[PDB]
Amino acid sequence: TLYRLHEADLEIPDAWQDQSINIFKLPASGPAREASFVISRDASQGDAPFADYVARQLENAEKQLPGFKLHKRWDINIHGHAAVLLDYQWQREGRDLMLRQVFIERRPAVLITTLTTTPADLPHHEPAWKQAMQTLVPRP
């Protein structure tokens, strides 16, 4: 069970539980502030279908984030993998936060991409985010 990371290869036993989180801080650009781009994994899906799995993610996000409300949703395919893209809004300590989140169906775990910014700053960070996602090639 060889594990591949940007800087090395190594053998990890399968008894070990993967909880890895890829993290990038986006630099400020023009009027917009720093953003973050995070890649997380999820194994909770199980046998439930992607649509109902994706379904359950909003149900939890909609009760747990103060001031939640959903701006957009895509259903697209990334290199044969089903993907849903969500644009939604929530307030942490009275300041408007915007999330752009993509769920990529995969096993043993669903890939999740999360961009955090503000509604105001999303257009300024969107070009670089578009670069990142148009290049995402899942492995078979």
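Numbers for residues come from their place in the sequence shown, where the first is 1.
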item	value
Per the entry, higher mean C-alpha B factor between 34-42 and 85-93	85-93
Between the two ranges 63-71 and 111-119, the one averaging a larger CA B factor in the entry	63-71
Highest-ranked of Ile21, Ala15, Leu10, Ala128 once sorted by CA temperature factor in the record	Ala15
From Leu26, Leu58, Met98, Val102, residue of greatest CA B-factor	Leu58
Relative C-alpha B-factor of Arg4, binned into the chain's lowest, middle or highest third	middle
